[PDB]
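Remember, it's 1-based here, ligands and their atoms both numbered in the order they're listed. In this chain, residues are counted from 1 in sequence order.
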Amino acid sequence: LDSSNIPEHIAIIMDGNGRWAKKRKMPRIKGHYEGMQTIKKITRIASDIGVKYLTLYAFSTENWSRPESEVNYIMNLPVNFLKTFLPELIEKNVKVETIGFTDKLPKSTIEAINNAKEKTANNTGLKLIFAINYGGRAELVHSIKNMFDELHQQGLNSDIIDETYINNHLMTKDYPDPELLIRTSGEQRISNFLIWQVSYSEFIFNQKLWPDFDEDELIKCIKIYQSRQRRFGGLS
Ligand SMILES: CC(C)=CCC/C(C)=C/CC/C(C)=C/CSP(=O)(O)OP(=O)(O)O
Ligand SMILES: [Mg+2]
């Protein structure tokens with residue numbers, strides 16, 4: 001890797017857990033259990049190489065359409081993940097955050113995530129950001145409602161709204177936009193993930209199923225990224 005060109009923010013759509021379990025004739029939930037474990041491997045190598053922000057698409061606002069047993073299983077995984085992995089996150093100076101409407105989660109999931117946010121609040125290393133009950137359209141609808149009330153309550157009209165103002169009112173207001181979006185499994189679509197924020201992101205559509213995505217594969221993705229020529233509408 002070119003150590004002077006490590007992306008500051010990588011966003012990942014963790015797809016393929018269902019297919020990984022079906023290949024093995026195991027229930028879909030087994031693939032999610034293995035996919036929650038794979039998050040630990042990726043957090044480790046992202047922190048070690050000096051990625052500043054890692055946003056993981058854990059559950060979207062459309063994923064409520066899935067069978068309730070699968071929804072409840074995914075919603076409970078964070079409790080398991082933080083129970084075993086929080087000590088290492090503290091030690092590795094990782095700061096845990098979320099984006100999404102995290103109020104709709106099971107109480108025990110809220111408590112486990114809040115405890116992890118509080119225990120890592122002053123950490124200055126990798127920001128590990130879980131997008132849980134998150135969708136880019138719903139994020140915009142919510143930010144729009146906030147902006148409409150803030151402007152009226154400040155005695156402002158809408159002439160002050162520009163792209164920068166919207167950036168500062170999204171759930172990602174404290175993060176830069178990701179340079180790189182990786183999606184596993186093969187699919188080639190963004191499925192409502194960070195739709196405003198990925199306007200100029202590089203995409204990589206990696207063919208491994210999420211539970212098979214490992215350190216080596218993350219490094220190969222960053223190497224691919226470093227070969228991309230980004231133009232932002234201009235000439236190279
Ligand atoms: C955030 C946290 C600490 C733990 C939660 C971690 C996990 C595993 C969340 C499930 C992630 C999802 C919805 C993956 C889509 S794989 P898919 O079901 O779409 O697979 P398929 O397309 O059917 O192969
Ligand atoms: Mg899928």
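Annotation: salt bridge (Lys or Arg N to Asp or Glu O under 4.0 Å) contacts of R66 (sequence neighbours excluded): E70.
Residue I129 is not grouped with residue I6 when hydrophobic side chains (ILVMFWY) are merged at heavy-atom distances under 4.5 angstrom, including chains of intermediate members.
In this structure, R230 does not pair ionically with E179, as no charged nitrogen and carboxylate oxygen lie closer than 4.0 Å. Using a 4.0 Å cut-off between a side-chain N of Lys or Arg and a carboxylate O of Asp or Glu, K92 and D48 qualify as a salt bridge. Between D214 and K41 no salt bridge is recorded (no basic side-chain N to carboxylate O distance below 4.0 Å). Ion pairing of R137 with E139 is absent here, as no side-chain N (NZ or NE/NH1/NH2) approaches a carboxylate O to less than 4.0 Å. Salt-bridge formation is detected for the pair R19/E187: a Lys NZ or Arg NE/NH1/NH2 atom is positioned less than 4.0 Å from an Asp or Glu carboxylate oxygen.
Residue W20 is found in a hydrophobic cluster whose other members, listed by chain and number, are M26, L209; membership requires side-chain heavy atoms under 4.5 Å apart, directly or through intermediates.
Near ligand 1, residues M14, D15, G16, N17, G18, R19, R28, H32, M36, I39, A58, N63, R66, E70, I74, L77, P78, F81, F130 come within 4.0 angstrom through at least one heavy atom.
Distance check, rounded to the nearest 0.5 Å: CD1 of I222 to CD1 of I204 gives 8.5 Å.
For the Mg ion (ligand 2), the neighbouring protein N/O/S atoms at less than 2.8 Å, given as residue and atom, are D15 OD1.
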